[PDB]
Amino acid sequence: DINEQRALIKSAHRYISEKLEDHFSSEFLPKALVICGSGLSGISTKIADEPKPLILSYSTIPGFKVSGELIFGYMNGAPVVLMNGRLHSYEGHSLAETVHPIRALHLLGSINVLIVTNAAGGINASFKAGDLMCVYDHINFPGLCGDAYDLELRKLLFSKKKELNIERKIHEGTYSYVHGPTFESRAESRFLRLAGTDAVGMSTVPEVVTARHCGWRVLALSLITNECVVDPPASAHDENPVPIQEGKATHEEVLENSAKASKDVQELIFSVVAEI
Amino acid sequence: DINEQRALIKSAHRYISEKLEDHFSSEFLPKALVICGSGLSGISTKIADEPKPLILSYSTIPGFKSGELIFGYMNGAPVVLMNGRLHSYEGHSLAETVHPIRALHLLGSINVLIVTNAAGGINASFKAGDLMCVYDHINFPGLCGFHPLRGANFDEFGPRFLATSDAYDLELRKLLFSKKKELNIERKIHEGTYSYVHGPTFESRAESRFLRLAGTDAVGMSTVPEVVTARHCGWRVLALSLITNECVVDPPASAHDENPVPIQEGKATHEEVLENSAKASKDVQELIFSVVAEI
Amino acid sequence: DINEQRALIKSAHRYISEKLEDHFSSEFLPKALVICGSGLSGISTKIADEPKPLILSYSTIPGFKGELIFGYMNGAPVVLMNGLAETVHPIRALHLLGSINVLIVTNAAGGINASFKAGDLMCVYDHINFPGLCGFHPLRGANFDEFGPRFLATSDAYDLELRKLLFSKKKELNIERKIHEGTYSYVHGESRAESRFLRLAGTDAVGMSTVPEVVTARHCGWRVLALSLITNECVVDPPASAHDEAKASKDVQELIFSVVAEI
Ligand code: HPA
Ligand code: HPA
């Protein structure tokens, strides 16, 4: 509640460390935490089968909530943690419950980089569904009412795009974190554009802030899954109106476009973790 | 927490359903819920006298909370009147504010929400006494965590992720202007963006200026949480704002101005809001009375 | 809940009023409450030694969470509080004395206007209550009707005459430190894009204080004079692209010292 949180963090670390003590023949000290958001659902298959990876369900780790698992293993030669299943503020969870896995994993003392992906709506007018955005700055709107993105890791991400011959666009710009769970209205998207937003999403920024608070480097990659509707709605005086449902955002579209970009995103992250 | 507003919603649904069952000879399936905000306090007198309308006090409905539900026929159509609404600046949560919408949704007949409210004019072309038909909104508190859908999703009502670019039905807005011409109403009816702020303070000049550049046409203290909840239930929405005052947006008098305009000039007041809402009430009454017959 | 909040306000005033009676020979009716922000707490040295000032720790005042200083400075009786319903409970408690008419609040603020430098002063003549627009508001809940209105205007929050007074006192005191007139944006919890957004919204200085106290004082009918100390210029320019190769406290002290004598 006030200090039970710290005991909960210590308790979860005791569990994870003791499980890493039984599973791995040698000391497993992960250097990267990969929050497998959109586009990273299948990167767990890129974990090496040997040494056999350790899979911890959230139900057994103290403090970890559900409504999820931790994967400890080697990817591209480097030891990493993948957390499949993330908590969101719009689901009712508190900010502490959302970033509790990061604070527990930080007690291992070996992780020094957070790599996180998420879906995002395109606010920048030149953005198209299917593009990626490397985040170099953010606006925390919920934090407003109650850099941080490592330059070398961003340089590294673009070098791996060239090395892998990935044709997919990867922009640079600002990511606005909003609470959700509603998609933005037309006037809200226009406001976000005026505020300097390039893409908008409802996750990631709280984990980034906690990761920076723990001294970790951060690399954040947004998947532009849709282009936010910005045009004013059809006037009642228009005899030939554009239907107000045309181009509406949809979770099915977010899911489909996340999966379409997953092969490129997983290849980029797999190449990056070898040089963390 | 999801399991106990579900229990509260279903409990409130039966209490309304059972007393709709005893009161009306023919079963009462209302087409619309009319939130009687500013300009609609008197529309209860437009309810047809037969069949006998049913009035349910909030104090006797589980989960609810001045305040009553009026079940009757208006211009031939069965409706529910929300006479008295909960505001968030009074300390109530958003879940308590929109709980009547979810409970009334279980009647399975309502597919349109008609809601009015008072609003300060941010658009410079707006005058006190004008009306604004809402076709878009800015939910700035929702962007920052003050959202009526926060928490576990009511999967039986709507999707976890809800679009709002289609929030304000076009056919209902055209029907509203069609009734303005039919009734020969000369009052101005604009079409613009409504911004929901928490209150209970009136906006400072810098807050009104910020809302203006953000794209606001009129700023109010209610409605948007109910519109979002109704849209989550799949309802069509017709929102109508009453421009009760013109927001002070010019920067305040500077200390080095030797011909300063008094900073207290044109300040907003609750009495001006009340009196302008009353003056426009007859027009708003007539408009909603005609619209309900064609929803 | 308001019933218990009302009793705690009365208890705090009943304690404060009783202590003023025992301490001061002549009855003490303070005319201004001066809130001393961080780094600007040394203003307590500007209170006259005679009559003897009264210092009440917050821990001794019922309902409070720092110290309250009751004394005379420049001949005027004032209250100094050295250091959301909790934050403004002291304002409503002190209002029950029936004498305070002015709130003078000072704070440290980050510079959003590009023309500001660290060390500059800014006289607040407008604010943006971001938390209040979203739900974190000092007046949320049942209204204190005995204190003020359910709906309060904020377009007349920063008294013009009190601002004209401050500027007059700077010329008199030959203070050369620049004093700007601008908007203070209140944020509860910045990035370059966040600082850029504030500038686009009309922010001249940003911080996490002042505004809730200003609203509560305005709800009580007080006049408000707000002064900000620019401690740093918030960076606004975007970060590098992956493709490229303390003396002001005495100045504030002199200003408040000269202002309180002619409020
Ligand atoms: O349009 C959007 N809005 C908010 N969050 C999102 N996440 C993916 N797309 C979107
Ligand atoms: O100026 C206003 N601001 C906010 N809400 C309002 N409701 C009526 N007028 C106003």
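Convention: sequence-line order gives letters A, B, ...; per-chain numbering from 1. Remember, it's 1-based here, ligands and their atoms both numbered in the order they're listed. Computation of the quantities below employed the complete heavy-atom set of this structure, encompassing side-chain atoms and omitting hydrogens, waters and symmetry-equivalent molecules.
Annotation: atom 6 (C) of ligand 2 to nearest protein heavy atom, B:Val219 O, 3.7 Å. Counting protein heavy atoms only, atom 10 (C) of ligand 1 is closest to A:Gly121 N, 3.3 Å.
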Original post:
Would A:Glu184 and B:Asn139 satisfy side chain to side chain contact (heavy atoms under 4.5 Å, CB included), going step by step from the backbone distance to the final call?
Top reply: CA-CA 9 Å; A:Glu184 295 71 29; B:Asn139 188 4; over 6 Å; no

Practice item. Start with the C-alpha gap between B:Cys247 and B:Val219, add the side-chain angles, then the distance that decides, and say whether side chain to side chain contact (heavy atoms under 4.5 Å, CB included) holds. Key: CA-CA 9 Å; B:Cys247 294; B:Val219 54; 3.8 Å; yes

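Of the charged side-chain nitrogens involved, at least one lies within less than 4.0 Å of a carboxylate oxygen, so that B:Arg187 and B:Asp283 count as a salt-bridged pair. Taking 4.0 Å as the cut-off between side-chain N and carboxylate O, B:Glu275 and B:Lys279 do not count as a salt-bridged pair. Comment: C:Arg218 engages C:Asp156 in a salt bridge, judged by a side-chain N to carboxylate O separation of less than 4.0 angstrom.
Between the A:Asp137 side chain and the C:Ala193 main chain, a donor and an acceptor come within less than 3.5 Å of each other. A donor-acceptor contact shorter than 3.5 Å is absent between the side chain of C:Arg140 and the backbone of B:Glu90.
If you look at B:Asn245 next to ligand 2, the close heavy atoms, those under 4.0 Å, all belong to the side chain.
Taking every heavy atom of B:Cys247 and a limit of under 4.0 angstrom, the matching atoms of ligand 2 come to 1 (O). Ligand-side atoms of ligand 1 in range of A:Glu184: 1 (O), 2 (C), 3 (N), 4 (C), range being under 4.0 angstrom from any heavy atom. Within ligand 1, the atoms closer than 4.0 Å to a non-hydrogen atom of A:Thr225 are 8 (C), 9 (N), numbered from 1 in the order shown. Of all the atoms in ligand 1, the ones that sit under 4.0 Å from a non-hydrogen atom of A:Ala119 are 7 (N), 8 (C).
The closest approach between any non-hydrogen atom of A:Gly201 and ligand 1 is below 4.0 Å. Distances shorter than 4.0 angstrom occur between a heavy atom of B:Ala119 and an atom of ligand 2.
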